[PDB]
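Chemist: structure for this input, please:
(one chain, ligands or ions: 2)
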Amino acid sequence: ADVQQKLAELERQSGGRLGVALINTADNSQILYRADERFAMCXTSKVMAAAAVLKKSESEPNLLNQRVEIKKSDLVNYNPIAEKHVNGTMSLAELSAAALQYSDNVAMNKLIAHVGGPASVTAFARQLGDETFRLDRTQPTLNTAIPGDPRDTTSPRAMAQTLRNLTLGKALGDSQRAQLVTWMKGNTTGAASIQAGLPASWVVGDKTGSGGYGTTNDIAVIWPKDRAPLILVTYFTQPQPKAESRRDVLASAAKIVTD
Ligand SMILES: [Cl-]
Ligand code: NA
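Modeler: Residues are numbered from 1 along each chain as shown. Ligands and ions are numbered 1, 2, ... in the order given. You can find the structure just below:
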C-alpha cells in the first residue's frame, strides 16, 4: 500500500505515465504499477532480438562467429559501435554486444534482419510464452513512442516475466543464458537509470531504452547483496512529443520498490 502510494506520488510529480513490475525471486512476489498497460519498448526490445539470435545459435554452433557486412547504407540515427566498422564486417556476437551494451541501432537492425525481421522476433516471444510483446518496426522508427500507438510495445508485467525467463529461467541453454547475462552486466548505458536507485554494492544487468515523448525505459536483473535476485522493469513516457529524458524517474521507482 505504501509502495503503491509512493509510486503514484512519483508518477504525479513526474507529469508522465509510469509502469513498474518487480519480481522478487526470494518469495515469488510482484510489485506492479500500470503493469498491464502498454508502453513503447524502444531500446529495451534489443534483449528479445539478441535472445532470438542466441536461441538460433543453439542449433547452429558457429552462428555467433558469422560475419555481417556493415555499410554506410546501414547507418541509422545512433551508431556508436557500427560507425567504427563501416566497410568491414562484425560478427553476430559483436553485434549482440554492441546492441546490448551501447544501444547501437545498426546492431539491433542486424539482429532483427538475421532472424527474419520484426515478425520473427515477435514469433520467438510467442514461442517463449510471451503473448504481449510486439516488435513491429526496425530502427529508428520503432522509437517513435506515440501515445495510443500499440506498435513496438509490451507491458511491464510481460517484460518482467520474460526477462526472468531469459536471465534466470530456462528459455536459453546454459551457455547462451550465461552469455546474455554477461552482456547485460557489461551494459554501459544504464548507470543513471535503475542502477542509480540501488545500493552501490548490488550487481545489475540492464538494458535501457529512449524515444519520442520523452520515453525513458530500463529493464534489469539484479543481484542484491546476499539475497535472491530480482527482476525490475521501469517504463516511463510523457505527454509532450519533445519531452526530455527522465532517467531520474526510473532511479526513483527502483529505490521505492526495493527499499
Ligand atoms: Cl513538445
Ligand atoms: Na518501442
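
Chemist: so how far is residue 17 from the spatially most central residue of the chain?
Modeler: Nearest to the geometric centre of the chain sits residue 44, at 2.3 Å (CA atoms, centre = their mean). For residue 44, the distance to residue 17 (CB to CB, to the nearest Å) stands at 16 Å. C-beta coordinates here come from the backbone N, C-alpha and C atoms, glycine included.

Chemist: check residue 149 too.
Modeler: Going from residue 149 to residue 17 by CB to CB gives 13 Å.

Chemist: who's more crowded, these two?
Modeler: residue 17 (17 against 14; other CB atoms under 10 Å).

Chemist: burial count for the closest residue to that one other than its chain neighbours?
Modeler: Excluding its sequence neighbours, the residue lying closest to residue 17 (CB to CB, 6 or more residues apart in numbering) is residue 237, at 5.4 Å. Residues lying near residue 237 (other CB under 10 Å) number 23.

Chemist: same question, residue 132
Modeler: Residue 132 is flanked by 17 other residues according to other CB under 10 Å.

Chemist: which residues does the nearest residue to it once chain neighbours are set aside contact?
Modeler: Using CB to CB, 6+ apart and skipping the chain neighbours, the partner closest in space to residue 132 is residue 158 (3.6 Å). Going by CB atoms under 8 Å, 6 or more residues apart in numbering, residue 158 touches 130-133.

Chemist: what of residue 250?
Modeler: Contacts for residue 250 (CB under 8 Å, 6+ apart) come out as 193-194, 196-197, 216-218, 234, 236.

Chemist: let's see that with 10 Å instead.
Modeler: Residue 250 makes contacts with 18, 20, 190, 192-197, 206, 208, 216-218, 220, 232-236, as judged by CB atoms under 10 Å, 6 or more residues apart in numbering.

Chemist: that older thread, sitting in helices, which of the contacts of residue 158 do you find?
Modeler: Judged by DSSP state H, helices contain none of the contacts of residue 158.

Chemist: strands of the stretch 151-259 of the chain, start to end?
Modeler: Here the stretch 151-259 of the chain has its strands, by DSSP state E, counting those that start in this stretch, at 153-154, 203-211, 215-223, 230-237.

Chemist: partner strands of the last one, parallel or antiparallel?
Modeler: Strand partners for strand 230-237, identified by DSSP bridges, are recorded as strand 17-24 (antiparallel), strand 215-223 (antiparallel).

Chemist: what's the most buried one of these?
Modeler: For the strands paired with strand 230-237, average neighbour numbers computed from mean count of other CB atoms under 10 Å are highest in strand 215-223, which has a mean of 26.

Chemist: isn't residue 222 up against residue 230?
Modeler: Yes - look at residue 222 against residue 230 with CB atoms under 10 Å: they come within range, at 4.3 Å.

Chemist: kindly present the strands of the stretch 151-259 of the chain as CSV, with separate columns for distance to ligand 1.
Modeler: Shown next, in CSV, are the strands of the stretch 151-259 of the chain (distance: least, CB to the ion, whole Å):
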stretch, distance to ligand 1
strand 153-154, 21
strand 203-211, 14
strand 215-223, 13
strand 230-237, 13
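
Chemist: for residue 51, find the nearest of those strands.
Modeler: Closest approach to residue 51 among those is made by strand 203-211 (10.9 Å; CB to CB).

Chemist: what lines up beside the closest one in the sheet?
Modeler: In the sheet, strand 203-211 lines up with strand 215-223 (antiparallel) (DSSP bridges).

Chemist: hang on, residue 149 packs against residue 141?
Modeler: No - Residue 149 is not in contact with residue 141 according to CB under 10 Å; the separation is 11.0 Å.

Chemist: please tell me how far residue 248 sits from ligand 2.
Modeler: To ligand 2, residue 248 is 21 Å away according to CB to the ion, to the nearest Å.

Chemist: hmm, back to that, now render the contacts of residue 158 as JSON lines, adding distance to residue 76.
Modeler: Shown next, in JSON lines, are the contacts of residue 158 (distance: CB to CB, whole Å):
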{"residue": "130", "distance to residue 76": "26"}
{"residue": "131", "distance to residue 76": "29"}
{"residue": "132", "distance to residue 76": "26"}
{"residue": "133", "distance to residue 76": "22"}
